[PDB]
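Listed next as structure tokens is one chain, alone, in the form deposited in one PDB entry.
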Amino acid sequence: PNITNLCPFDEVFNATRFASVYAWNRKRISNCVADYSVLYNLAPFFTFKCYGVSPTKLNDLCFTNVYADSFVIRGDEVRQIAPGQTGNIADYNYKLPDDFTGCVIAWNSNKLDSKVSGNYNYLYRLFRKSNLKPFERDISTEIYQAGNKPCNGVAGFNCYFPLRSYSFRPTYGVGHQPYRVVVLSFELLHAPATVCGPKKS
């Protein structure tokens, strides 16, 4: 039948400001029609690495809920947004499960997220006592104790503030330019699946 009520992917992808990778934004997508053909047909979105589902059959497979996790990382850490990868982002900032059903989308945003002085609004967690669970968000600013003496909240010797800033500048290489990443996770529940693509006449 005649289709309306598109899913708000414009509020996720074409947002003015994305969150940091340590405080990654999660937007749930429900009760709308989800046209993935828009995301495929845009040429600036360079990386469309989809795992556990084919990008061609996204328009036919219907799911219960769609999770759009949005954050900003560097160029070299785009590859860490993948199942089974390791590094600072995968261990401490954003962890993907190995049985991950969903696609990742990443694109360069040097024109938006970089300033000549340097952009300091984007932060990543450098030190955690334990590696993160999949889809876990850690927003704590508690002092990291690398030594034996208690830190007592003061970042002195062997006590570091766990969050470091990505100082994005428009003159950095491709591996250090800011990359905006949106991760779509598709889940199916016993509830009636209401996020589906359109049907042809």
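Quick note: we count residues from 1 along the sequence shown, nothing fancier. So that the term is clear: the rigid core is the largest set of C-alpha atoms that superpose within 1.5 Å between two forms.
There is another form of the same protein, the form deposited in another entry; it is not shown, and what comes next is about it.
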query	finding
Flagged residue of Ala146, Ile139, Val38, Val174 - C-alpha shift reaching 2 Å or more between this form and the one not shown, core superposed	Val38
Displaced residue check between this form and the one not shown: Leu163, CA, 2 Å or over, core reference	no
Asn59 C-alpha moves between this form and the one not shown by 2 Å or more, core aligned	yes
Closer or farther in that other deposited form: C-alpha pair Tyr40, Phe100 (3 angstroms or more)	farther
Direction of the Cα shift between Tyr40 and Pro83 in that other deposited form, where the change is 3 Å or more	farther
